[PDB]
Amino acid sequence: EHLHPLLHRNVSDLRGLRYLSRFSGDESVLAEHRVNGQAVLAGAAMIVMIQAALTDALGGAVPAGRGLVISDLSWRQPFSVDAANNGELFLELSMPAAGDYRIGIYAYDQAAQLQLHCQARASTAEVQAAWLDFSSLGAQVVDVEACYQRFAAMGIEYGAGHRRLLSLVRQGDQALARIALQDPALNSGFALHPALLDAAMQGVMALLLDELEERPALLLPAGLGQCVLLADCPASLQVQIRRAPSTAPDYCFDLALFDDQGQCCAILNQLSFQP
């Protein structure tokens, strides 16, 4: 059986720990995430793959009230399934020093050249919750369809399984989003479902509708300072989003994911979007 819906097989050998997933292109993380008309693996899915790989390498579970921390992640080229790569996406995991893990996600092109798609470092730590800080007094209700229309105008179209933004409210440079899976049962087997993590990232558009023009340039996640996984995430979530300073021509945000009761389940610090 697959080790994880997004981490199919363990192919470790003397070169080191390594994992392999083969996608057909019909999977929701690809087919329901189309960029300029092509089914492309959502950046969130690679974060989930790192989390699954680390959890497996640690014996199948994170230990002792600690959190899985992914740091200094960068997305390079988008991944699409084609005849060249046969849908095969590899993840290499090394530990150059105790508790200091290095990850690379890559695939092969038509030229037999290895292409690096994602790179990050990981660790485990005791971590402290973010606090749901959002006061809606005076808040603005953001039209979710206006957000998806803006994404569509830049070239990003989502299928129903990844159109999980249910509501948005904006208060200054902060926004609060409600997201939930189309089929809650599909949360089975995921500590954090990629569609919910992707929907959390979609929420940043609440803060950009006024800044961006009708036909803005395509913006995609390019870097992430930290992704902290504190606890299993339910099928319904609240997402607090705060605009952060960024150098041009980029945009940066901090996000925190909470359950319907306000418990912090995951934190994303310094999520950078770039043309």
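The numbering used is simple: start at 1 and walk along the sequence shown.
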### Query
Once you work out the mean C-alpha B-factor for both 235-243 and 47-55 from the entry, which is higher?
235-243
### Query
Between 137-145 and 172-180, which has the higher average C-alpha B-factor in the PDB entry?
137-145
### Message
Can you tell me which of 187, 71, 119, 110 has the maximum CA B-factor listed in the PDB entry?
### Response
110
### Query
If you compare 203, 87, 96, 104, which has the highest Cα B-factor in the entry?
96
### Task
Going by the recorded CA B-factors, say which third of the chain residue 81 sits in, lowest, middle or highest.
lowest
### Task
Consider only the C-alpha atoms of the modelled residues in this chain, order them by B-factor as the entry records it, and name the third containing residue 223: lowest, middle or highest.
lowest
### Query
So where's residue 132 on the chain's Cα temperature factor ranking, which third?
highest
### Query
Among the chain's modelled residues, which third holds the C-alpha B-factor of residue 207?
middle
### Summary
Of the three thirds of the chain ranked by Cα temperature factor, residue 191 occupies the middle
